[PDB]
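Protein chains in written order, with the deposited numbering: chain A, 501 to 694; chain B, 73 to 433; chain C, 159 to 357; chain D, 93 to 433; chain E, 59 to 108; chain F, 141 to 209. Heads up, the thing below is written out as structure tokens.
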Amino acid sequence: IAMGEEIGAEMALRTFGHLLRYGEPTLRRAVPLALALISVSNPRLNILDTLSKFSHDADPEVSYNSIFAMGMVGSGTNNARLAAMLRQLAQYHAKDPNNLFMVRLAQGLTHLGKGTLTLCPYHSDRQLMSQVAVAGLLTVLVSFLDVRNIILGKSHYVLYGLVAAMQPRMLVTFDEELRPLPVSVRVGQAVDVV
Amino acid sequence: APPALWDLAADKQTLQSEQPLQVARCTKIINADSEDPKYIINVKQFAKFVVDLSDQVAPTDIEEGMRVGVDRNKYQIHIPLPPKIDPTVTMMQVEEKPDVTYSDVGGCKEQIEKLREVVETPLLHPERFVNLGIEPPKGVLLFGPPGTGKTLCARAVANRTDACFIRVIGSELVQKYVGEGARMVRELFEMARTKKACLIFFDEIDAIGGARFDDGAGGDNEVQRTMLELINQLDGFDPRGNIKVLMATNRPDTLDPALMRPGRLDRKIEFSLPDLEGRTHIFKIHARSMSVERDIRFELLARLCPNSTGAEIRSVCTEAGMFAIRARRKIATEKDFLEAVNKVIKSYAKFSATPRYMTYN
Amino acid sequence: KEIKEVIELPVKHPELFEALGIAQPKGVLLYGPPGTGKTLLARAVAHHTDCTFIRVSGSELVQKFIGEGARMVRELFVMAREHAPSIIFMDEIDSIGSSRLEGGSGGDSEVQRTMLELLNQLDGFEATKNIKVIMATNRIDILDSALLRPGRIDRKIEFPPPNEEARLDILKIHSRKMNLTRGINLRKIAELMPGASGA
Amino acid sequence: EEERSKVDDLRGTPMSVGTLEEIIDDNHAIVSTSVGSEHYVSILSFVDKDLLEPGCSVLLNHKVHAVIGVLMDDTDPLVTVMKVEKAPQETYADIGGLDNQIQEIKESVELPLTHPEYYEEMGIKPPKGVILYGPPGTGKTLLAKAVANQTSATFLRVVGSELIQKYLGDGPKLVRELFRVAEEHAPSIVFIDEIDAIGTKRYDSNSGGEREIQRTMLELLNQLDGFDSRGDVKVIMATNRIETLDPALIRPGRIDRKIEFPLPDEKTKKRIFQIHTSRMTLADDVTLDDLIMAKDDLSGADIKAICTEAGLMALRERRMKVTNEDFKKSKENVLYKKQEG
Amino acid sequence: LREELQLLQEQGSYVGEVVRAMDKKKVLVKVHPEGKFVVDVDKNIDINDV
Amino acid sequence: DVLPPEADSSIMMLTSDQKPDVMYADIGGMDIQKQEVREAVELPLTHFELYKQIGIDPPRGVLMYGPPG
Ligand SMILES: Nc1ncnc2c1ncn2[C@@H]1O[C@H](COP(=O)(O)OP(=O)(O)O)[C@@H](O)[C@H]1O
Ligand SMILES: Nc1ncnc2c1ncn2[C@@H]1O[C@H](COP(=O)(O)OP(=O)(O)O)[C@@H](O)[C@H]1O
Ligand SMILES: Nc1ncnc2c1ncn2[C@@H]1O[C@H](COP(=O)(O)OP(=O)(O)O)[C@@H](O)[C@H]1O
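Right under this line is the structure:
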């Protein structure tokens, strides 16, 4: 349903909804993964609405794939509901990379290759990464996220956009976005190339 | 499902624990006890029985006209149950949870403090009246514009330190089937006494306290009960009410509880109401809101707004953000809304002066 | 020659309603003497089309018999969802006696509102076609209908006083079952009854 | 799996319908159900023992009367009067020239739900609702605004306090549930059309006196006041007579908005008229301007309904086309409708 | 006759009205002189038949 | 099985042969009020056939009102 259907209008809500409601258990983990294609139309209404109830789930796998399904398709446009949602996300006591993968990847939805001069100031992101790195204390994953937000934050130089406005799809991301769905050790590293 | 799986597991122990105590039906009030062995009990099933007890129940621990459990075969005495009435209109009227604490005050200092010394100051230390007491006073009086009514109760909601007190909605007191709420106001106080001094507040006490009368024909007659019925609830010696009371209204009438309050209650105080000063706090309720432009001034707007209450002038600072988002203005300058303020005051004072002075006069 | 276009075109035609481009007529009334046949016209045209027929309150005990308590007009509005096309009627409030100028106003106000909130639940929102309402009065409230009618929303038709035309045949209509010879004069039997009523 | 084939015998063979009433705080739930039969249920499954709550219904065993399951049953007049659904096809592009009026309420219809950010980026919290009014009879032109609001969230329109005036209170209570079932449907929108409370005087059926009708409106706001309700249900309210309402309704809410409806001007009538006759084909001599140019102080309903008279005779001849020779002459009937009627 | 005359006393018989049906196969029906019940299939007539 | 039917249950009827009875002929002021009861009682009961012949159906409508008198 993800790749086999590409059109301007969604029209896939009936089948995408039918497979999750009629599907067997544990399949709902990989269901939201179709959001990287058909959600390029109007992700503001559908994505944060749906994934809001699944973002509070205690299962780390569905939580990993929820913030992941939002991912890049929802990082093109900003909003205050996202910035106000960032609260209480990093205050959870849950271990494992899923917590800092939920929060830090959600930080990347504010803008893509925009700033900082022109436009948004970088001091706010520096204060956020400085205050969030004081916990645990290491937990070197905080040294993973403080470089992570500045990956797309401080690189810039590339407008995407989507990729792409001409409607090619990035052939690295998807492939790389597939493997960590079970990320154990090194596979999420090959996805860092992004 | 692991909740649901463990959920159907112990029905075995529930069905084994089912046979004992299951026949405890029906909830039944007793009538009289002539001597040691004998009792007579009365139910609403129409069943009335003069019948004995189960040995687990002692005679002196039980009260007359008391809802009890029974095994209707022997018609024993299983256990007495304290509660009687009332249904969820109570649980609607009875309220819990905190919110809206002190700091939401719009700058009124000793207007709320004169009534802060009446309620939570004695509730902070009921021991305070051991040495000096005498008494925590009987009741109060409150009325004025809307601003700010029932939020002082909300102020008491968050700052309540003991037990969740009970709001009272007016139009549920007036009812069909004469004497419906008559039971309530009577019986809910024991339900409030069940909470051992947990306070009560009545809203729309002017509507439900209706006074006084016309020759014919009521109409008010059945409601003429409730007022004097509350006065009977006032004339009940005990406690009264261990909850004190807090009462907010609009007009000086109704007179009968207002002329009964010098016969019982105390502490007649008043809104607050607008002031030349406190508007700056009602304009500082927006202080930490938005980000105040460095050149935005309070006194400039505060001196321009007479008889402001708190209501509109809270939206007065808010209608900047109205035209802000509409005109794309990133933040607002005081000149922006004060253009629409002198509008919104006049435009809304053209038809309505909201004569609060006239309401109670 | 008027009401028929109000009724059958929503039953037969409607695909050509949009050809003209206007929606269903919201209602209609016949005002005049109270008066005869307007209620027949109601149920007969309901029978002419076979579309089911409904009335207004209704006492006393047709109310809680549907539901428990409410605005109470929604359940009646739900009745028409079960059966369409349907005909709803105001029974009767055709009279000069219910006025009182106040005490009958509010009694009529919700009888007036029974069309209004229905017109507001017909045209205002919900759906769709085939539902109609009928009114009847003489005077007074007919001018009070203009208070409800700055054009919104109804059809205005007058209920005629009787005349010799019907008097001949409508008696002949009643004369079908009775035993009478043919030599009866229709002239004098008609013309001896000026005014009076349809009753 | 096996639990389904286990407790079905405890359930079995049948099970009754009880009425959930009260609880012993040990979670032995005392119920009054026909006829006034109690029980004590602490049972482990399907509960959610808390939220089933007093003042509800239950389903009881025969031996002995344990509630093994519960339902939410309506139907009822409660849910029926709020819905369904609808979203009729009309839009806010239908009424032009008054955009100054709707562009005001644009942010009021937009900012809740859609485009919420700059509400909370300003953080000034303007969720105060709206009030409406205007001459002479308007508010369906505001339904032309309300028919557009159906693009977002969910909506209910109510008419008057009539459900209270039908009988001695009864309180607000039917308004209470309509108010707190909008919390069940929250977020939503609710509107009451043309408040007649003390505007109209006499009542249908039995009612009185003034104060009980005065307080059921006074409780209408005081419940909406409220203590202390965040629930929206963004409240839209209207009456075409600003007089009779108690002026205290404005300050708690809606404070900021009561829409003034201007009467149509010459070009507004021009802007409005062609939207109707767009579908109805005019004849050669038919002109929008001259007729409404000479006519004065019309209504949008009339200028919409003036086309219906030609929808008679031309449809009596069964013609798809309007004729101004009739539309002039037939306009006299609607002119007679406004003049003499 | 005697068997149905034997069947019908130990139970009786009545006539119900279905106000709803259940996913569990049960059905919401009233005992009209008294309070309501909720009872199950009843395997001849299915849920979708009524 | 059903009843014959029936001996029925309550009252029933008589009240004339078992009394009371009062002569109406004393009061003649109601003659025009009896004019209805005149045509609306005797022949409606004793003739159902005449109502097929006339073409008019016999009404069940009768009213009384006013007391006192
Ligand atoms: N000093 C104050 N502090 C906080 N809020 C105030 C103050 N004065 C007025 N208000 C505002 O006025 C309004 C009072 O409205 P309302 O609760 O309807 O009053 P009442 O309950 O007396 O009718 C509230 O919205 C409140 O925010
Ligand atoms: N055009 C008519 N001429 C003569 N009699 C009529 C005519 N229309 C109706 N009637 C008679 O009048 C009676 C009652 O009319 P109806 O429509 O019930 O008026 P209402 O509803 O005011 O009682 C009908 O039974 C019919 O026989
Ligand atoms: N631009 C427009 N296009 C179409 N119709 C319009 C326009 N402007 C106003 N109207 C009509 O004017 C009418 C006035 O209705 P209104 O007086 O609000 O009725 P109500 O009594 O329901 O409040 C509306 O029904 C609307 O259809």
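Beta carbons: idealized from backbone N, C-alpha and C, even for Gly.
Say the cut is 7 Å; is the CB of D:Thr308 nearer than that to a heavy atom of ligand 1?
no
Is it the case that the CB of F:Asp197 approaches a heavy atom of ligand 2 more closely than 7 Å?
no
Is it buried or exposed, F:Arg178, if we count other Cβ atoms within 10 angstroms and call 16 or more buried?
exposed
Inter-residue spacing [alpha-carbon to alpha-carbon] between B:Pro329 and B:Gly313:
16 Å
In terms of alpha-carbon separation, which member of B:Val177, B:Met256 and B:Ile385 lies closest to B:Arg227?
B:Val177
For the segment 255–270 of chain D, which residues have a beta carbon sitting closer than 8 Å to at least one beta carbon of chain B?
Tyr259, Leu260, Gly261, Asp262, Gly263, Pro264 and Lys265
Beta-carbon neighbours of D:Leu151, restricted to chain E and to distances below 7 Å
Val96
Tell me whether B:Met362 is buried or exposed, calling it buried when 16 or more other Cβ atoms sit within 10 Å of its Cβ.
buried
Selection from D:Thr183, D:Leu224 and D:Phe365 that minimises the alpha carbon distance to D:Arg346:
D:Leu224
Under 8 Å between beta-carbons, which chain F residues line up against C:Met336? List them in chain order, please.
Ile194, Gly195 and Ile196
Since D:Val426 contacts D:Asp382 with CB under 8 Å, what's their CB separation in whole angstroms?
About 16 Å separates the two Cβ atoms, so there is no contact after all.
Any C-beta of chain D under 8 Å from that of C:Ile180:
yes
Closer than 7 Å: C:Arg310 CB and nearest ligand 3 heavy atom
yes
Tell me which same chain residues have a C-beta within less than 8 Å of the C-beta of residue 441 of chain D, skipping the five on either side of it?
This structure cannot speak to residue 441 of chain D, because chain D is shown only from 93 to 433.
Is the beta carbon of C:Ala294 less than 8 Å from the beta carbon of C:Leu187?
yes
Would you call the segment 518–536 of chain A and the segment 641–661 of chain A touching, i.e. three or more CB-CB distances under 8 Å?
no
Would you mind listing the alpha helix (DSSP H) stretches within the segment 565–591 of chain A that are 4+ residues and don't spill past its ends, in chain order?
580–585
So, does the CB of D:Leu407 fall closer than 8 Å to a CB anywhere in chain C?
yes
Using a 10 Å radius around the Cβ and a threshold of 16 neighbouring Cβ atoms, would you call E:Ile103 buried or exposed?
exposed
Quick check: what's the CA-CA separation for A:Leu513 versus A:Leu519?
10 Å
Extract the residue ranges of the beta strand (DSSP E) inside the segment 281–352 of chain C, only unbroken runs of 3 or more that lie entirely within it.
292–295
Given 8 Å as the limit, is there contact between the segment 666–682 of chain A and the segment 628–637 of chain A, that is, 3 or more CB pairs closer than that?
no
I'd like the span of the beta strand (DSSP E) that includes D:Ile328, first residue to last.
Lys326 to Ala330
Across the segment 268–286 of chain C and the segment 240–256 of chain D, are there enough close Cβ pairs to call them in contact, namely three or more that are closer than 8 Å?
yes
Measuring only the C-alpha atoms, how far is C:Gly216 from B:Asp292?
31 Å
Taking a cut of 7 Å between CB atoms, which residues from the segment 554–584 of chain A lie near chain D?
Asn579, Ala580, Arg581 and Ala584
Cα-Cα separation between B:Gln247 and B:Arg255, rounded to whole angstroms
11 Å
How many whole angstroms separate the CB atoms of B:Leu213 and B:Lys340, which I take to be in contact at a CB cut-off of 8 Å?
4 Å
Endpoints, the alpha helix (DSSP H) within which C:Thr210 is located
Note, C:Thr210: premise wrong, no alpha helix (DSSP H); beta strand (DSSP E) at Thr210 to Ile212.
Is the separation between the beta-carbon of B:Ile113 and that of B:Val95 shorter than 8 Å?
no
Just the chain D side, please: which residues come within less than 8 Å of E:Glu75 by C-beta, in chain order?
Simply none; closest approach about 13 Å.
Taking 7 Å as the line, does the beta carbon of C:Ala181 fall inside it for any heavy atom of ligand 3?
no
Helix, strand or coil: how does DSSP classify A:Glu561 here?
helix
Contact criterion: CB-CB distance below 8 Å. Does D:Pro227 meet it with respect to chain B?
no
Listing by chain order, which chain D residues have their CB less than 9 Å from the CB of C:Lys290?
Those do not exist, as C:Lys290 stays about 15 Å from chain D at its closest Cβ, beyond 9 Å.
What does the alpha-carbon distance come out to for the pair D:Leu143 and C:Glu166?
53 Å
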